[PDB]
């Protein structure tokens, strides 16, 4: 009953991504890890409380991940194709469950939830990072709008992808993404 708070945040994260936030319950979450009514209520009291920590968690899964992209990638366009190809990477989960960030922010946005701002920082995250890549890659002056555009590109791809249950399209789209990203960058 100490650091195992971090453990229930894990299960609620997966649950919120796979199930949606409003439709996941304590029973759901408490069953995942394995706890009773009192063993659970200890660490947690309200759903919104659990959601706070997952959004914290997610922001780590997202900047640290965005690290490994800066890592493996040894150039600008490299570190940014790491983003466009995460979609190819998680094509199965995206076509069934949608984008983790998008599906969360749009859900929180509809509900009119207090935390939409916190959730949207995962978008802000990716954004500021693609904004550095663009800077470093060739168009420092246009980086901001190219950030918002591509970010948007990917969400439209994941959106029709999930709804049409169409993994192919995700591929169609990521091709268009790459091609467009050609007529964009400079040679280095």
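Residue numbers count along the first chain shown, from 1.
- Set 96-104 against 72-80 and average the Cα temperature factors; 72-80 ends up higher.
- As listed in the deposited structure, the average C-alpha B-factor of 5-13 and of 170-178 is greater for 5-13.
- Within the listed group 30, 155, 120, 163, the record reports its top CA B-factor for 30.
- The PDB entry gives the largest Cα B-factor of the residues 39, 124, 46, 159 to 39.
- When the modelled residues of the chain are ordered by their C-alpha B factor, residue 147 lands in the middle third.
- When all modelled residues of the chain are sorted by CA temperature factor, residue 88 is found within the highest third.
- Placement of the Cα temperature factor of residue 50 within the chain: lowest third of the modelled residues, per the deposited record.
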